[PDB]
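Here we start with a single chain on its own, the form deposited in one PDB entry, put down as structure tokens.
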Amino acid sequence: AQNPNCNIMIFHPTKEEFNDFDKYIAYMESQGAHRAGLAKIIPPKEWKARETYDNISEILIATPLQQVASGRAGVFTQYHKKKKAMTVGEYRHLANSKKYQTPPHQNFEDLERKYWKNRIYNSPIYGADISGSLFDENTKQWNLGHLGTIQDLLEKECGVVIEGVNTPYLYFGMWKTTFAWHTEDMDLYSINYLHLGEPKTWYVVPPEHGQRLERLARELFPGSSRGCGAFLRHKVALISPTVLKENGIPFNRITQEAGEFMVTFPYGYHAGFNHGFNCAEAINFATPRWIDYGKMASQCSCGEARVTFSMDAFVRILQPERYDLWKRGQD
């Protein structure tokens, strides 16, 4: 069995190997990359996402989100307070202000220490989940707006045509902006490109051990667990690496830098934080190997998770017994 310790793997495809996206994901899996839940892909030196980032300041962040924490430094939840609209140029100036900017630090490990010590005492503002793309239309390789759609994959594998669309999302971050522990909708893959700015640190639990994270989460967030049998779908709970280690939960960590891709694999729980002002683009995708994960994915039906239009068909076709309850939670 390849990668039996479930380490995060880093790949350096050549320009020739960068042509065929599906083939390269399958290659990474042949080497055991999925066992980690997360892989890094460094693009060939010949490749670029677009020519420059000099003309992005007028993008609008319609609903910036202030991420307010509750709990203790290593075990906390966050809620999202809506703020007034602002442009990316305005948000960049805010991220660089004395109130929000990255503190002085020695290296990524010192900044990680400072994150976990101090995150709860601040409320950073995240420009998340903005439909759109920063890839040039002429970029033909690993262009996250030109991937094969999940609806087409389900049709190819299973024979059933379904409604829905699959487009990318932009994320504008600042110091301490946080992504809570989660797997993707329907335990899909995700791919994330860091277009510009400061790094993003990731934590991930191997898919084979995801239920160990779920059991810890139920212990640590006992009111939330009574409320919903899949409350990590709410995307609000944080648990630090120190707490994971104290509780014996297998995990790994890695820092993504500008110009690098990350892929999350089906049922790979992940969480993390941004180092300073940055912009990322991400999208969900599927392969043949996903179908069995989609059929077994948990679902939130309490009403909290609320998701896109396109998840309806995935539940309806892959999980017909669960459909009626899940749809009630959507309505």
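Residue numbers run from 1 along the displayed sequence. Here, rigid core means the biggest group of C-alpha atoms that superpose within 1.5 Å across both forms. Residues that one form lacks are left out of the comparison.
Problem - Between the two ranges 179-187 and 101-109, the one averaging a larger CA B factor in the entry - result: So the stretch with the higher mean C-alpha B-factor is 101-109.
Exercise for the section: State which stretch shows the higher mean Cα B factor in the entry: 111-119 or 226-234. Expected result: Looking at the recorded C-alpha B-factors, 226-234 comes out higher on average.
Practice task
Just grab whichever of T287, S301, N278, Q31 has the top CA B-factor as deposited.
Solution key: Answer for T287, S301, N278, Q31: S301, with the highest C-alpha B-factor.
Practice task
Could you say which of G259, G164, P250, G148 has its CA atom at the highest B factor, as listed in the PDB entry?
Solution key: Among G259, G164, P250, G148, the highest C-alpha B-factor in the entry belongs to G148.
Practice task
For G37, return the chain-relative third of its C-alpha B-factor as stated in the PDB record: lowest, middle or highest.
Solution key: Its C-alpha B-factor, which the entry lists for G37, ranks in the lowest third among residues of this chain.
Practice task
Would you check the entry's CA temperature factor for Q67 and let me know if it's in the chain's lowest, middle or highest third?
Solution key: For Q67, the deposited C-alpha B-factor lands in the lowest third.
Practice task
Comparing against every modelled residue in the chain, figure out the third that the C-alpha B-factor of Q2 lands in (lowest, middle or highest).
Solution key: It belongs to the highest third of the chain when residues are ordered by C-alpha B-factor.
Problem - Where the record places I25 (Cα B-factor, split into thirds across the chain) - result: Tercile = middle for this residue's CA B-factor.
Exercise for the section: Report the third (lowest, middle or highest) to which the CA temperature factor of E198 belongs, ranking only the modelled residues of the same chain. Expected result: It belongs to the lowest third of the chain when residues are ordered by C-alpha B-factor.
Below: the form deposited with a small molecule bound, not depicted.
Practice task
Considering only heavy atoms, tell me if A36 and the small molecule come within 4.5 Å of each other in the deposited bound form.
Solution key: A36: no contact with the small molecule in the deposited bound form.
Handout entry: Partner contact for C300 in the deposited bound form: the small molecule, 4.5 angstroms, heavy atom
Key = Within the cut-off, so yes.
Problem - 4.5 angstroms heavy atom contact with the small molecule in the deposited bound form for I41 - result: Heavy-atom contact with the small molecule at 4.5 Å: absent for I41.
Handout entry: Core-referenced shifts between the shown form and the other one - contiguous stretches of at least three, CA at least 2 Å
Key = After superposing the rigid core, the only shifted stretch between the shown form and the other one is 324-329.
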